[PDB]
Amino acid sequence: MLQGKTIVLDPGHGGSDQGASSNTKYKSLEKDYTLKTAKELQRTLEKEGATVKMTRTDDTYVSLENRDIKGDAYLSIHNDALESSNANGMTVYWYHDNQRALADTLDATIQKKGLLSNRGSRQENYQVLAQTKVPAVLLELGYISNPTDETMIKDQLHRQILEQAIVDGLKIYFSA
C-alpha cells in the first residue's frame, strides 16, 4: 500500500544553482519549477497517507551528497535543458537494479495521463541515483529548453496531471 510509506522528493537544483533556464521571454529557471512541483506532489502524497521527506523545502542550495535522504522510494524532479529546442518530453531515469521497477512503473502511468511526449524509462548514472540504496528515479518532467514544454511546466494544472500520474504509479509500485 502507498499509505504509510515514506517518499523522498528531491526538487533538483536550488539556491545559487539555478539549473537550466529557458531562452524565451519567460526566462524560466529550473530550480523554481522543480520546487513548485515537489511541493504540489508533497501535498497530494500526504493526502494519500504517505510520509513525505523533502531534500529541500525552500530556494536553498543542497549538494548532491546532502540529497541522500532515506525513504521507501525517492523521486528526483528535474526540468533540464537539451541543446535542440525542439527536443521535448518526459524521461524517467534509474540506475541500480532496485530502481528499475520504480522507473518502469512511473513511466507507464505518466504516459497514460501526462501531456508530455514519452521518452521512456532509461538507465543512466546520476549521482542522486548511484549514491543511494533507496529505490530512486530521476524524472525529467518536460524540458525547460522546449518552449512548449515550458508552457506546461509553468502551468499548475498541467503539473497536477503529472503529479496525479506519479501518485497513480506509486500506488501500483506499492501494491504489495
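Numbers for residues come from their place in the sequence shown, where the first is 1.
Student: Which has higher Cα B-factors on average according to the PDB entry: 164 to 172 or 16 to 24?
Tutor: Mean C-alpha B-factor is greater for 16 to 24.
Student: Once you work out the mean C-alpha B-factor for both 31 to 39 and 117 to 125 from the entry, which is higher?
Tutor: The recorded data point to 117 to 125.
Student: What third of the chain does residue 53 rank in for C-alpha temperature factor, lowest, middle or highest?
Tutor: Within its chain, residue 53 is a lowest-third residue by C-alpha B-factor, going by the deposited values.
Student: Using the temperature factors of the C-alpha atoms in this entry, rank residue 62 within its chain: lowest, middle or highest third.
Tutor: It falls in the middle third of the chain.
Student: What third of the chain does residue 88 rank in for C-alpha temperature factor, lowest, middle or highest?
Tutor: Top third by C-alpha B-factor.
Student: Using the B-factors in the PDB entry, rank residue 109's C-alpha atom against the chain and give the third, lowest, middle or highest.
Tutor: Answer is middle: the recorded C-alpha B-factor places it there.
Student: Is the Cα B-factor recorded for residue 44 in the lowest, middle or highest third of its chain?
Tutor: Lowest third.
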